[PDB]
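Number of protein chains: 4
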Amino acid sequence: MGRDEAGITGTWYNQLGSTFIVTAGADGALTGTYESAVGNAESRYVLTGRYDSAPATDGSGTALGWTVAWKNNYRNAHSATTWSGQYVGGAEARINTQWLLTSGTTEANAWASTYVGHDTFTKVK
Amino acid sequence: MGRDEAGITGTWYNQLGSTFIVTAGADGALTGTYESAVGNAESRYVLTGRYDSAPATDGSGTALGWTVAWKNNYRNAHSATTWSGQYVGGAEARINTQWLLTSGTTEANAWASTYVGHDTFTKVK
Amino acid sequence: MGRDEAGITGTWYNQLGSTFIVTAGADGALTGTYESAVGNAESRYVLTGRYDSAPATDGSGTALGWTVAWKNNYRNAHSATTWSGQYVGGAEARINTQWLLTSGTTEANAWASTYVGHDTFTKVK
Amino acid sequence: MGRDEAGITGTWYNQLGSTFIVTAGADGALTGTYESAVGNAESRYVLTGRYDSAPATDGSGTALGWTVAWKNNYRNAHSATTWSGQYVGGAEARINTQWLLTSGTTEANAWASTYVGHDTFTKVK
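Residue numbers (the numbering used here), protein chains in the order written: chain A, -7 to 117; chain P, -7 to 117; chain R, -7 to 117; chain H, -7 to 117.
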């Protein structure tokens, strides 16, 4: 099993009230669903990603990332978000991320294609 | 099939000489391998991601993203990169991305955990 | 005077314990000093920047940005940080920022030149 | 004088056809004007920033950054952009940047406040 397979797997919530449901595989896989509390989104979207299944044992966090394309059976926002961050284990476990949201654009609007932000996920709230 | 399933699937190269080998699934999946020409990396790493399988038909690009965790059988850089971008089809097809590279860090060094950059992928070179 | 000239001018502290001392000019100027609690830094560094001196009156925040080059009489970290964000007025005034830290690099290391992060500044702590 | 004071001072153009007119001071200051070819912008806007006036002599680039608040006598886009990057001297001098564009937003829309992109400036075109 991955060192933090058990720590990462489950339900996480961010500061916006979004819900991230993830399974961490022994081999580094992340699979699950994302539900955004904000933006052009409804219900759950597929996510996939990767994590470091053998992190440093010096108290460093565990690097990971995942992607959501904002298409499901309900809506298509012609966009994708990637979260890049680290899992920090312990009593108040956190996933601390920064994210990039890219929209499909014309060449003329491509300079404005991409938003950047930061989300912090906890196991409560 | 996804609108750009055929356009995205295959081998791509970026401005650094890295190699991205991807299969686009009918359902929005991206699966493949990444080989970085730079950094703490050797040989291929697993990637997974997502793309908009039903993009706008107004000449906008196709949003997509993917993740590599920099662990394979050879090396572990305790880091993950996410690329967020859009596929632009036609004679000189491109994937234009921005990326976030997060390292596992101590809490003291977490302010310096994440690099940001931009890669442009083409089908030649 | 700028709408938030009085609100912005003064001493701010971020989540790292850094100190930002700024004067907002009637014309949109930001001038002052920055002292980082972390990284290759000691004592104060010059900053300059700009803010929107006539923001929207719909309860939107006030856009602003500034730069520090990490050279002073004590040290030179061959780097510069830019903070981009908005001032949100009221009882618990905040400046919410994202930042880019670029180091001078060789062409070979330029892919790793730039860090991205987020700082939140308050008038206390 | 700054090592690259003479190299930086003058007129630069980016890949969008924007015009950046900058004076580099002996002490690290950047002052000038910016004219964007794209977005909610017309004519020139004030910029200020900083650069490393004593860079490494190992062939590394020169770190620098600057800010534009998108208010002038013609328009107010209630936003500010910061460019963070490095100057690379020689026959085909370049300023390679990444940028953050923050808009004033309501708290509800603050997750979508900030765009990220990359501009490359040359002395011709």
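C-beta atoms are modelled at their ideal positions from N, C-alpha and C, and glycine is treated no differently.
- prompt: Do you know how far the Cα of P:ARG36 is from the Cα of R:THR23?
  reply: Residue 23 of chain R sits at position 31 when you count from the first residue of the third sequence. Residue 36 of chain P sits at position 44 when you count from the first residue of the second sequence. The alpha-carbon separation between R:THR23 and P:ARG36 amounts to approximately 48 Å.
field: Rounded straight-line distance, which links the Cα of H:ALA83 to that of H:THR3
entry: Here residue 3 of chain H refers to the residue found at position 11 when the fourth sequence is read from its first residue. Here residue 83 of chain H refers to the residue found at position 91 when the fourth sequence is read from its first residue. Spanning the two alpha carbons is a distance of roughly 15 Å.
message: Our contact map puts H:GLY20 next to R:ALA61 with C-beta atoms below 8 Å; I'd like the distance itself, whole angstroms only.
response: Counting from 1 along the fourth sequence, the entry for residue 20 of chain H is found at position 28. Counting from 1 along the third sequence, the entry for residue 61 of chain R is found at position 69. Between R:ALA61 and H:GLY20 the Cβ distance is about 5 Å, and since that is below 8 Å, they are a contact.
- prompt: Counting pairs of Cβ atoms below 8 Å between the stretch 105 to 115 of chain R and the stretch -1 to 14 of chain H, do you hit three or more?
  reply: no
message: Could you check whether A:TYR43 and A:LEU56 sit closer than 9 Å to each other, using their CB atoms as the reference points?
response: Counted from its first residue, the first sequence places residue 56 of chain A at position 64. Counted from its first residue, the first sequence places residue 43 of chain A at position 51. In this structure, A:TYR43 lies closer than 9 Å to A:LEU56 by Cβ.
query: What is the residue span of the beta strand (DSSP E) that H:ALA(-2) lies within?
result: Stepping through the fourth sequence from its first residue, residue -2 of chain H is reached at position 6. H:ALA(-2) -> not in any beta strand (DSSP E); alpha helix (DSSP H) instead, spanning -3 to 0.
query: How many Å lie between A:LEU92 and P:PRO47 at the Cα?
result: Working through the first sequence from its first residue, we reach residue 92 of chain A at position 100. Working through the second sequence from its first residue, we reach residue 47 of chain P at position 55. Taking the straight line joining both Cα atoms gives about 19 Å.
message: Going by C-alpha to C-alpha distance, which of A:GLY(-1), A:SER95, A:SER28 and A:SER52 sits closest to A:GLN7?
response: Position 15 of the first sequence, counted from the start, is the residue given in the question as residue 7 of chain A. Considering only alpha carbons, the answer is A:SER28.
Three-way DSSP call (helix, strand, coil) for H:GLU84 in this model: For this step, residue 84 of chain H is matched to residue 92 along the fourth sequence. Residue state, collapsed to three classes: coil.
- request: Compare the C-beta of H:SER76 against all C-beta atoms of chain A and say whether one is closer than 9 Å.
  value: One-based indexing of the fourth sequence puts residue 76 of chain H at position 84. Closer than 9 Å: no.
For A:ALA33, three-class secondary structure by DSSP: Position 41 of the first sequence holds residue 33 of chain A. In the structure shown, A:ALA33 sits in coil (DSSP, three-state: anything other than H, G, I, E or B).
field: P:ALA33 versus R:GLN90: straight-line alpha-carbon distance, rounded
entry: By one-based count along the second sequence, residue 33 of chain P stands at place 41. By one-based count along the third sequence, residue 90 of chain R stands at place 98. Cα to Cα, the separation comes out at about 29 Å.
field: Residues near H:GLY53 in its chain [Cβ-Cβ closer than 7 Å; skip 5 each side]
entry: By 1-based counting over the fourth sequence, the position of residue 53 of chain H is 61. Counting only Cβ-Cβ distances below 7 Å, and skipping sequence neighbours, we find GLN78, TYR79 and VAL80.
- request: Return no unless some Cβ of chain H is closer than 9 Å to the Cβ of P:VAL108.
  value: Here the question's residue 108 of chain P lines up with position 116 in the second sequence. Closer than 9 Å to some Cβ of chain H, the Cβ of P:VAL108 qualifies, so yes.
message: So that I know if they touch, is there some Cβ in chain B lying closer than 9 Å to that of H:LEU92?
response: Protein chains A, P, R and H are contained in the structure displayed, whereas chain B is not.
field: First through last residue of the beta strand (DSSP E) which encompasses P:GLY24
entry: As a first step, residue 24 of chain P is located in the second sequence; it is residue number 32 there, counting from the start. 21 to 27 is the extent of the beta strand (DSSP E) around P:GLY24.
- request: Quick one: residues in its chain with C-beta nearer than 8 Å to the C-beta of P:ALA104, no 5 flanking neighbours on either side, listed in chain order?
  value: Translated into positions along the second sequence, residue 104 of chain P becomes position 112. Result list for P:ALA104: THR97, in chain order.
task: Please name the residue or residues paired with H:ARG42 in a DSSP beta bridge.
output: If you number the fourth sequence from 1, residue 42 of chain H lands on position 50. DSSP lists H:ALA21 and H:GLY57 as partners of H:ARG42.
Range covered by the beta strand (DSSP E) that runs through R:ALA16: The residue given as residue 16 of chain R occupies position 24 in the third sequence. Here the beta strand (DSSP E) through R:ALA16 covers 11 to 16.
C-alpha gap between R:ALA72 and R:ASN64, whole angstroms: Taking the third sequence and counting its residues from 1, the one referred to as residue 72 of chain R is at position 80. Taking the third sequence and counting its residues from 1, the one referred to as residue 64 of chain R is at position 72. C-alpha separation (whole angstroms): 12 Å.
query: Count the other CB atoms within 10 Å of the CB of R:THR49; is the residue buried (16 or more) or exposed (fewer)?
result: Taking the third sequence and counting its residues from 1, the one referred to as residue 49 of chain R is at position 57. Classification for R:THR49: exposed.
task: Could you say which of R:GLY17, R:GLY(-6) and R:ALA100 lies nearest to H:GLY51 if we only look at CA atoms?
output: Along the fourth sequence, one-based indexing puts residue 51 of chain H at 59. Comparing Cα positions, the closest option is R:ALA100.
- prompt: Is residue 133 of chain A buried or exposed, if buried means 16 or more other CB atoms sit within 10 Å of its CB?
  reply: Any question about residue 133 of chain A goes unanswered here, given that chain A covers just -7 to 117.
query: In three-state DSSP terms, what is R:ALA48?
result: Position 56 of the third sequence, counting from 1, holds the residue named residue 48 of chain R. Coil.
field: Option in P:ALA102, P:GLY(-6) and P:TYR107 with minimal Cα separation from P:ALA18
entry: Reading the second sequence from its first residue, position 26 is the one you call residue 18 of chain P. The shortest C-alpha separation from P:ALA18 is found at P:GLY(-6).
- prompt: Cβ of H:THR40 within 9 Å of Cβ of R:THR59?
  reply: Here residue 40 of chain H is taken as the residue at index 48 of the fourth sequence, counted from 1. Here residue 59 of chain R is taken as the residue at index 67 of the third sequence, counted from 1. In this structure, R:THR59 lies closer than 9 Å to H:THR40 by Cβ.
field: Contact set between R:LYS63 and chain H, taken where Cβ atoms lie within less than 7 Å
entry: For this step, residue 63 of chain R is matched to residue 71 along the third sequence. Those within 7 Å of R:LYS63 in chain H are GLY20, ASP44, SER45 and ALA46.
message: Taking the beta strand (DSSP E) that R:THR112 belongs to, which residues open and close that run?
response: Taking the third sequence and counting its residues from 1, one reaches residue 112 of chain R at position 120. Unbroken beta strand (DSSP E) run through R:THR112: 106 to 114.
message: I need the straight-line Cα distance from H:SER76 to P:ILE87, nearest angstrom please.
response: Residue mapping note: residue 76 of chain H aligns to position 84 of the fourth sequence, counting from 1. Residue mapping note: residue 87 of chain P aligns to position 95 of the second sequence, counting from 1. H:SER76 and P:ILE87: Cα-Cα distance of roughly 24 Å.
task: For R:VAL38, verify whether its CB is less than 8 Å away from any heavy atom of the ligand GTP.
output: Within the structure as shown, the ligand GTP is missing, as the structure has no ligands at all.
- prompt: In the structure shown, what three-state DSSP assignment does P:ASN64 receive?
  reply: In the second sequence, counting from the first residue as 1, residue 64 of chain P sits at position 72. The answer is coil: DSSP assigns P:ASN64 none of H, G, I, E or B.
query: By the 10 Å Cβ neighbour count, where 16 or more other Cβ atoms means buried, how is H:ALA16 classified, buried or exposed?
result: Position 24 of the fourth sequence, counted from the start, is the residue given in the question as residue 16 of chain H. Taking all protein chains shown into account, H:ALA16 has 16 or more neighbouring C-beta atoms within 10 Å of its C-beta and is therefore buried.
- prompt: How long is the line joining the alpha carbons of A:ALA102 and H:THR106, rounded to whole angstroms?
  reply: Residue mapping note: residue 102 of chain A aligns to position 110 of the first sequence, counting from 1. Residue mapping note: residue 106 of chain H aligns to position 114 of the fourth sequence, counting from 1. A:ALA102 and H:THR106: Cα-Cα distance of roughly 15 Å.
field: H:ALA85 versus R:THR94: straight-line alpha-carbon distance, rounded
entry: The sequence position of residue 85 of chain H within the fourth sequence is 93, counting from 1. The sequence position of residue 94 of chain R within the third sequence is 102, counting from 1. Taking the straight line from one Cα to the other gives about 18 Å.
H:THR1 to R:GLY(-1) span [Cα, whole Å]: On the fourth sequence, residue 1 of chain H is found 9 positions in, with the first residue counted as 1. On the third sequence, residue -1 of chain R is found 7 positions in, with the first residue counted as 1. So the alpha carbons of these two residues sit roughly 34 Å apart.
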